[PDB]
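Enquirer: Dropping in input_30.pdb, with PDB, N, CA and C atoms.
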```pdb
ATOM      1  N   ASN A   1     100.005  76.168 119.357  1.00  0.00           N
ATOM      2  CA  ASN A   1     101.376  76.658 119.622  1.00  0.00           C
ATOM      3  C   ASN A   1     101.585  78.022 118.976  1.00  0.00           C
ATOM      4  N   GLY A   2     102.377  78.864 119.627  1.00  0.00           N
ATOM      5  CA  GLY A   2     102.589  80.213 119.151  1.00  0.00           C
ATOM      6  C   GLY A   2     102.648  81.197 120.300  1.00  0.00           C
ATOM      7  N   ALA A   3     102.053  82.368 120.118  1.00  0.00           N
ATOM      8  CA  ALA A   3     102.017  83.380 121.166  1.00  0.00           C
ATOM      9  C   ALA A   3     100.850  83.126 122.110  1.00  0.00           C
ATOM     10  N   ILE A   4      99.779  82.573 121.560  1.00  0.00           N
ATOM     11  CA  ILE A   4      98.594  82.252 122.338  1.00  0.00           C
ATOM     12  C   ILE A   4      98.802  80.948 123.102  1.00  0.00           C
ATOM     13  N   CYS A   5      98.676  81.011 124.419  1.00  0.00           N
ATOM     14  CA  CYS A   5      98.872  79.841 125.265  1.00  0.00           C
ATOM     15  C   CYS A   5      97.556  79.106 125.504  1.00  0.00           C
ATOM     16  N   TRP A   6      96.468  79.711 125.029  1.00  0.00           N
ATOM     17  CA  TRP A   6      95.121  79.159 125.172  1.00  0.00           C
ATOM     18  C   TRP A   6      94.709  79.107 126.635  1.00  0.00           C
ATOM     19  N   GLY A   7      95.134  80.108 127.387  1.00  0.00           N
ATOM     20  CA  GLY A   7      94.794  80.177 128.789  1.00  0.00           C
ATOM     21  C   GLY A   7      93.931  81.380 129.092  1.00  0.00           C
ATOM     22  N   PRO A   8      92.964  81.252 130.015  1.00  0.00           N
ATOM     23  CA  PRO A   8      92.135  82.379 130.454  1.00  0.00           C
ATOM     24  C   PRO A   8      92.980  83.540 130.968  1.00  0.00           C
ATOM     25  N   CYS A   9      94.014  83.216 131.728  1.00  0.00           N
ATOM     26  CA  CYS A   9      94.945  84.213 132.224  1.00  0.00           C
ATOM     27  C   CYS A   9      96.357  83.631 132.255  1.00  0.00           C
ATOM     28  N   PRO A  10      97.055  83.673 131.111  1.00  0.00           N
ATOM     29  CA  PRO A  10      98.413  83.138 130.986  1.00  0.00           C
ATOM     30  C   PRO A  10      99.422  83.945 131.795  1.00  0.00           C
ATOM     31  N   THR A  11     100.058  83.287 132.749  1.00  0.00           N
ATOM     32  CA  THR A  11     101.006  83.944 133.630  1.00  0.00           C
ATOM     33  C   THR A  11     102.412  83.887 133.044  1.00  0.00           C
ATOM     34  N   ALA A  12     102.756  82.736 132.476  1.00  0.00           N
ATOM     35  CA  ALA A  12     104.078  82.525 131.901  1.00  0.00           C
ATOM     36  C   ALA A  12     104.310  83.469 130.727  1.00  0.00           C
ATOM     37  N   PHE A  13     103.246  83.727 129.977  1.00  0.00           N
ATOM     38  CA  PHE A  13     103.288  84.658 128.858  1.00  0.00           C
ATOM     39  C   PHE A  13     103.685  86.055 129.328  1.00  0.00           C
ATOM     40  N   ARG A  14     103.166  86.454 130.481  1.00  0.00           N
ATOM     41  CA  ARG A  14     103.424  87.785 131.015  1.00  0.00           C
ATOM     42  C   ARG A  14     104.842  87.878 131.559  1.00  0.00           C
ATOM     43  N   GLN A  15     105.355  86.753 132.041  1.00  0.00           N
ATOM     44  CA  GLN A  15     106.714  86.690 132.562  1.00  0.00           C
ATOM     45  C   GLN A  15     107.721  86.774 131.422  1.00  0.00           C
ATOM     46  N   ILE A  16     107.314  86.299 130.256  1.00  0.00           N
ATOM     47  CA  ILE A  16     108.150  86.366 129.071  1.00  0.00           C
ATOM     48  C   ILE A  16     108.007  87.732 128.413  1.00  0.00           C
ATOM     49  N   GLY A  17     106.764  88.157 128.226  1.00  0.00           N
ATOM     50  CA  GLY A  17     106.496  89.447 127.622  1.00  0.00           C
ATOM     51  C   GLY A  17     106.636  90.577 128.617  1.00  0.00           C
ATOM     52  N   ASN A  18     107.874  90.915 128.939  1.00  0.00           N
ATOM     53  CA  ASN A  18     108.160  91.986 129.880  1.00  0.00           C
ATOM     54  C   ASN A  18     109.411  92.740 129.460  1.00  0.00           C
ATOM     55  N   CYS A  19     109.249  94.019 129.181  1.00  0.00           N
ATOM     56  CA  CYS A  19     110.360  94.861 128.783  1.00  0.00           C
ATOM     57  C   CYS A  19     110.477  96.060 129.716  1.00  0.00           C
ATOM     58  N   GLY A  20     110.259  95.805 131.000  1.00  0.00           N
ATOM     59  CA  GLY A  20     110.301  96.861 131.994  1.00  0.00           C
ATOM     60  C   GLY A  20     111.715  97.283 132.346  1.00  0.00           C
ATOM     61  N   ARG A  21     112.697  96.555 131.831  1.00  0.00           N
ATOM     62  CA  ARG A  21     114.098  96.894 132.057  1.00  0.00           C
ATOM     63  C   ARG A  21     114.543  97.997 131.100  1.00  0.00           C
ATOM     64  N   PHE A  22     113.586  98.541 130.366  1.00  0.00           N
ATOM     65  CA  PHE A  22     113.849  99.625 129.439  1.00  0.00           C
ATOM     66  C   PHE A  22     113.736 100.950 130.179  1.00  0.00           C
ATOM     67  N   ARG A  23     114.582 101.904 129.830  1.00  0.00           N
ATOM     68  CA  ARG A  23     114.582 103.185 130.513  1.00  0.00           C
ATOM     69  C   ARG A  23     113.791 104.217 129.724  1.00  0.00           C
ATOM     70  N   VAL A  24     112.551 104.420 130.144  1.00  0.00           N
ATOM     71  CA  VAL A  24     111.635 105.329 129.468  1.00  0.00           C
ATOM     72  C   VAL A  24     112.150 106.764 129.524  1.00  0.00           C
ATOM     73  N   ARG A  25     112.617 107.176 130.697  1.00  0.00           N
ATOM     74  CA  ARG A  25     113.120 108.532 130.892  1.00  0.00           C
ATOM     75  C   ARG A  25     114.334 108.795 130.009  1.00  0.00           C
ATOM     76  N   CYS A  26     115.253 107.840 129.984  1.00  0.00           N
ATOM     77  CA  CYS A  26     116.476 107.974 129.203  1.00  0.00           C
ATOM     78  C   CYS A  26     116.175 108.023 127.707  1.00  0.00           C
ATOM     79  N   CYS A  27     115.257 107.174 127.257  1.00  0.00           N
ATOM     80  CA  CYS A  27     114.901 107.113 125.840  1.00  0.00           C
ATOM     81  C   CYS A  27     114.031 108.306 125.446  1.00  0.00           C
ATOM     82  N   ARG A  28     113.485 108.981 126.445  1.00  0.00           N
ATOM     83  CA  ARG A  28     112.660 110.156 126.217  1.00  0.00           C
ATOM     84  C   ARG A  28     113.539 111.370 125.936  1.00  0.00           C
ATOM     85  N   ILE A  29     114.685 111.417 126.599  1.00  0.00           N
ATOM     86  CA  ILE A  29     115.612 112.527 126.434  1.00  0.00           C
ATOM     87  C   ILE A  29     116.640 112.221 125.347  1.00  0.00           C
ATOM     88  N   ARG A  30     117.107 110.982 125.309  1.00  0.00           N
ATOM     89  CA  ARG A  30     118.106 110.578 124.331  1.00  0.00           C
ATOM     90  C   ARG A  30     117.462 109.722 123.249  1.00  0.00           C
TER
END
```
Would you mind writing the file out in structure tokens?

Expert:
Amino acid sequence: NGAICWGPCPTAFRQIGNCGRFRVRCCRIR
């Protein structure tokens, strides 16, 4: 138990570990 799901290719982990709603352009200027 933890961050490691013990999977060859954990899909649920990637669905959780997603911060694409962040604005790179905005944070680059501001």

Enquirer: Using Å and a single decimal, report how far atom C of residue A:3 sits from atom N of residue A:17.

Expert: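 These two atoms are separated by 9.9 Å.
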
Enquirer: Quick one: pick out all alpha helix (DSSP H) residues within chain A from a backbone DSSP run and write them as a ChimeraX atom specification.

Expert: /A:11-16,24-29

Enquirer: To one decimal in Å, tell me the separation between atom N of residue A:25 and atom CA of residue A:13.

Expert: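 Computing it gives 24.4 Å between the two atoms.
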
Enquirer: Could you jot down the atom C of residue A:2 to atom CA of residue A:19 separation for me, Å, one decimal place?

Expert: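 Going from atom C of residue A:2 over to atom CA of residue A:19 covers 17.8 Å.
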
Enquirer: Excluding same-chain residues fewer than 6 positions from residue A:5, what lies within 12 Å of it counting only C-alpha atoms, as a PyMOL selection string?

Expert: chain A and resi 11-14+16

Enquirer: Any chance you could export the current selection's N, CA and C atoms as a PDB file, in the frame of the given file?

Expert:
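The resulting file, again-v3.pdb, is shown below:
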```
ATOM      1  N   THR A  11     100.058  83.287 132.749  1.00  0.00           N
ATOM      2  CA  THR A  11     101.006  83.944 133.630  1.00  0.00           C
ATOM      3  C   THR A  11     102.412  83.887 133.044  1.00  0.00           C
ATOM      4  N   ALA A  12     102.756  82.736 132.476  1.00  0.00           N
ATOM      5  CA  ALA A  12     104.078  82.525 131.901  1.00  0.00           C
ATOM      6  C   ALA A  12     104.310  83.469 130.727  1.00  0.00           C
ATOM      7  N   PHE A  13     103.246  83.727 129.977  1.00  0.00           N
ATOM      8  CA  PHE A  13     103.288  84.658 128.858  1.00  0.00           C
ATOM      9  C   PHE A  13     103.685  86.055 129.328  1.00  0.00           C
ATOM     10  N   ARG A  14     103.166  86.454 130.481  1.00  0.00           N
ATOM     11  CA  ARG A  14     103.424  87.785 131.015  1.00  0.00           C
ATOM     12  C   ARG A  14     104.842  87.878 131.559  1.00  0.00           C
ATOM     13  N   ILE A  16     107.314  86.299 130.256  1.00  0.00           N
ATOM     14  CA  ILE A  16     108.150  86.366 129.071  1.00  0.00           C
ATOM     15  C   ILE A  16     108.007  87.732 128.413  1.00  0.00           C
TER      16      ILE A  16
END
```
